[PDB]
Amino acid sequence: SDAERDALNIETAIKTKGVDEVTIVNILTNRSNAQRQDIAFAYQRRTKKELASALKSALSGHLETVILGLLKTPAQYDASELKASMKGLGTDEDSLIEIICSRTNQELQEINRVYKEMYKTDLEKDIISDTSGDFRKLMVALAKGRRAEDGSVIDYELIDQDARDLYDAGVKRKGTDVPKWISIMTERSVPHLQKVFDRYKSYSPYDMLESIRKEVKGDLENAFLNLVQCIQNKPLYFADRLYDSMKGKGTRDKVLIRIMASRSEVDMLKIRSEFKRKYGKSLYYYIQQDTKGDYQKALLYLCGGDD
């Protein structure tokens, strides 16, 4: 890599009359996150100005959102998105749910650490302040990032007991024992819960997702639905969330940008494979139909190719 050559080409594009957005996109969306950190360092040393601030002046619109997000480290970006989801008197529960429900223990440990560094308060405290009831209990538990790690031994006895407990806490009874659902679904390892959800189908006339829809409502329902999909098949979860961000009128750009940026370097090949298999056309194609301009170009580079 040549961070200083990239940093120089970016400054030229910034200072150019009208701004050369294509140069900025072509560079930043075709570099790894670590290469971008080096570019930003090299840029500050050359210009005495922060790259992120210089681009926030030089860009606007959805393109600005993409590019500024790409400049943050993965944990910084996640922490900033969590902060933004909680900003003001409301809560963006959909975004909070997406991040907390899909991040691994190791990702969440770094988010907790980085959040506190950037905002001087614990993530858990902001979550407690923005949520209430069982939804709060579930989000706070997940955010600890202390799910059991995948053991070397499959515990079939516990798989069966957990399935019965989920059934007895929900569909089988009047009302719902939500704390039993929260315990099992936050504490057990991911491969364990995968097996629990199939075993659950032996006891229950409905699968886990349909049981959630029948038993709970609102933010709690949304959160359990996202979590179960994340446990069952996380690349498919992101493929479905991307399809949902585009399928209808307009675009849920906040969701589309965040997924494309945060997964580009993690599992985007699997996301693309699941998307193409389910929807028959490529993720690339859906992005092309829903977005335009340099913004489109940036997302297509994060996609990484057709099919």
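For every residue, the number given is its place in the sequence shown, counted from 1.
Mean C-alpha B-factor comparison - 129-137 and 232-240, higher one: Comparing 232-240 with 129-137, the higher average CA B-factor belongs to 129-137.
Mean temperature factor over C-alpha atoms, higher-scoring stretch between 270-278 and 50-58: Per the PDB record, 50-58.
Member of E187, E117, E157, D78 with the greatest C-alpha B factor (per the PDB record): That would be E117, according to the entry.
Per the PDB entry, maximal CA B factor within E110, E221, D162, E149: Top of the list by C-alpha B-factor: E149.
Lowest, middle or highest third - CA B-factor, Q44: As the PDB entry reports it, the C-alpha B-factor of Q44 lands in the highest third of its chain.
Relative C-alpha B-factor of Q37, binned into the chain's lowest, middle or highest third: Its C-alpha B-factor, which the entry lists for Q37, ranks in the highest third among residues of this chain.
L299 by Cα B-factor - lowest, middle or highest third of the modelled chain: According to the entry, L299 has a C-alpha B-factor in the chain's lowest third.
CA B-factor placement of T73, once the chain's modelled residues are sorted into thirds: Middle third, going by the recorded CA B-factors of the chain.
Among modelled residues of the same chain, the CA temperature factor third for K172: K172: CA B-factor falls in the middle third of its chain.
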